[PDB]
């Protein structure tokens, strides 16, 4: 097998590399890498190195990395461009791995761990690490074992050994319910004192040094805590042994009185799973406790205990250790499902960056582009300083607020990267400019044809057609990868719905789930077999389909983010190929494409239909159009339909056979009009939406831009077994909306679109009757807590203090002089509740850290002073008022 790197670092004039060799064995080497950079040279100098603009460059080979770096500084001061990859580890990696990397994950040491620290005086700050580490569980991917380091004796208590027997038993049975599938994988090690525990953990770490270090919050708690505790007890050089090169860097953050740190461990790539989850999951969560995320992703129960966590070891060491192990295993479970580590390795190795650089689209693209250009013996430009400037983006149509009964939407395939490729937008493909007519004139095809020679964008930019830009070239490759995974995801999704259909009529038999790969559409033979399966076999198959869909979702949506990020990167001053003309070309072409196709669809739909000048396109946003289908249904006649699936079939056929071909012809004209390099504006039907046939449901509605709801029966080829609500922007979608309110408003929308006005009125009353009985957490608002210090005036709200900060300031006054009540962390999320006037908290609202029961000392008071009336009006009634007024409905029977 071909070699691949694990980690790369620059220490002085040396590159330190851990790698897998041709026999699949982990190795380390130190290389005195001699880098190269380039300067522009007179034409009269024969060479093989040119910049992206085809200007001649001469290579300077340096004795070592410091002198290359020194050369750059020198070139800045003179004002002469120093060209080349100035990040030397990428340059090194590009030389040492002169090929598409094929990697083997089973050889990569992936490690997650977490630690427990008992603290009788509040949060144990990693920067002081003054309390003993009393448990560590460290899972090693290569061994596939959980190494459990348990402290038996501590200042805060001497405890008995942990029983794997009791651990294994379910909680019903008085056990700890450690999943049976990992029981046999636990290697348990108790210790007499903290010193040998830590010493043994160090040697262990030396034997089994992580390449990928992960876990939950490990970068901000576990890593810095372990590092500092070992430092205090043993000394810094001993703590440096966590780096396989005995080098670390401590980053210090703020913070008036507060101080937290982040350790960089040279020779390891840290991918904190919270950070992976925030970047790659495409959710926004009310809370980021592992308990909250585990429940969300895996549907597992919260890790319940009695007393505060600072007394859990003391009172129930057994559960203390079991919960430590499970916590570690839950992250593993989440990744088994989400597959983010895998995604990181894929992207990292494709780009030839340090794996931890996947968090950075700019860094990622810089390497991809560098490698792509290096292969052709071309030289990359030097990074330049730019001022930050606002620039124009997408077009959003103003909709008429209303109910819309039948709606078909259409959306463009991967729009921005498609524009990049169609127009040939790249730093080196710029050809010139033309005189700019109003966008409106290009939309209406009345403006003069910009160029007969070059590929054009309505912002005035012209690009060469006769060669390919590095940006179109490299975005195309990732796009194709994205396309493949999306294919796998949609088939998995379609397969899911087939299984869902089959669950309506489950057969009474004893059978097994079928052995199938879900990334592929079921064969007819398979579909026949599915119709004779039992619910048990069907339900298990469904779970597997859904799991396959999720993996395909991860793979496709993150590749989409990467490619869409290149379009954005053109507008970030830190990107080497930053150019606002190129960013503008993309967005302005986009604005044209959408409005252009709006005109074309209306024109078409007026011809068929036999109408004159009706606006069929009700709404659009960036790359999408929403088409009122009422008149399409009208022509054939609503009474002509047997059931819902009949008119859904009808519209589906009409879009596929009539609309898409008319749209394609429309965009081919535009491409010719802009003289583009390649036609790639592909717009296909997305949603078919409407009320169930024969019902009083309204089907859908808009309140304004970026705010609507649709009852969808078919989504880009997936025919649902049950209609799904497509709700965008509305409070049902916002993480700041109370949990119970999100559900109530969703059922409200469901009744409106599927059942009608009378049904809505029934639910409203029922919810209102039950509101005061719901759990206070489920009805609390949520918000991020930024700038708490800015508005804190002696514990009281300063000028312009936001409601949610006011709440935090009310919290902080309530918990003064109290050690074991949890503190609100700057930047984190908080639950928020209104308080009735005359409350003893002295203010109108209170806030406490999200994902946690409010501390017992004031829970009783908060529950009693909650303003349910304000709460209901603010979070539930006001949003519904907006939905219903837009849809011309009443939530209460009007007098």
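Numbering follows the first chain given and starts at 1.
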Would you mind comparing 480 to 488 and 234 to 242 for me and telling me which has the higher average C-alpha temperature factor in the entry?
234 to 242
Mean Cα B factor from the PDB record: higher for 68 to 76, or higher for 657 to 665?
68 to 76
Report the option among 330, 532, 581, 352 whose CA atom has the maximum B-factor in the deposited record.
532
Out of 322, 781, 371, 127, which shows the largest CA B-factor listed in the entry?
127
Ranking the modelled residues of this chain by C-alpha B-factor as given in the entry, is residue 831 in the lowest, middle or highest third?
lowest
Residue 672's Cα B-factor: lowest, middle or highest third of the chain?
middle
CA B-factor placement of residue 806, once the chain's modelled residues are sorted into thirds
middle
Chain third (lowest, middle, highest) by recorded CA B-factor, residue given as residue 627
lowest
Residue 722: which third of its chain by C-alpha temperature factor?
middle
